[PDB]
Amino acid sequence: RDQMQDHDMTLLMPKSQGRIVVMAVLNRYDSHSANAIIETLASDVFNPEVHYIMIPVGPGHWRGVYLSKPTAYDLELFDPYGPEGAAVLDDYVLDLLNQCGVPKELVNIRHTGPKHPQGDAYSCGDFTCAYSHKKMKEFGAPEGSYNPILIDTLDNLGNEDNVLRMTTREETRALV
């Protein structure tokens, strides 16, 4: 029941493939973290070959950011506890996008949460990793590029009986 840390997310998050980019972990408290990625994120925002950009945003209470290109960009802000808590990312992400050169009028925000939230701090990483895999599939990634075990656990069970944490451990060991 410890929380996922950066390296845990890095290991288990889906990886960029083709028109889907998955960025490295962002730390919303460290101004340097946002500053350091503007150029990479701007490059992807304005690259015709990229259509989707995912960002895991922490630390601590991990959340997911999913940008879909069209004029306006769809920006889904996912909070494992439920959609209301995703409000904490609105300004953060809008400012990140404005730094990249996207005005706020071109951004369609929506807040989301999971079907089966647990509402405990320790599993936010697990939810965000598994939800990111679910998005990977939704965005049309090929069968090998996402982890069906995590998607199907999340979708049907959430982290009831800590089963999502068990799949994240097991899938991790497989990767190691």
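Don't overthink the numbering: it's just position in the shown sequence, from 1.
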property: Gap size, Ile149 back to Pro148 (deposited sequence, no coordinates); result: none
property: Residue stretch of maximal mean CA temperature factor, 54-62 vs 40-48; result: 40-48
property: Which of 109-117 and 139-147 has higher mean CA B factor, as the PDB entry lists it; result: 139-147
property: Cα B factor band for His133 (lowest, middle or highest third within the chain); result: lowest
property: Third of the chain's Cα B-factor distribution that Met166 belongs to, per the entry; result: highest
property: Where the record places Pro103 (Cα B-factor, split into thirds across the chain); result: highest
property: Record-listed C-alpha B factor of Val88: chain third; result: middle
property: Chain-relative CA temperature factor third for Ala72; result: highest
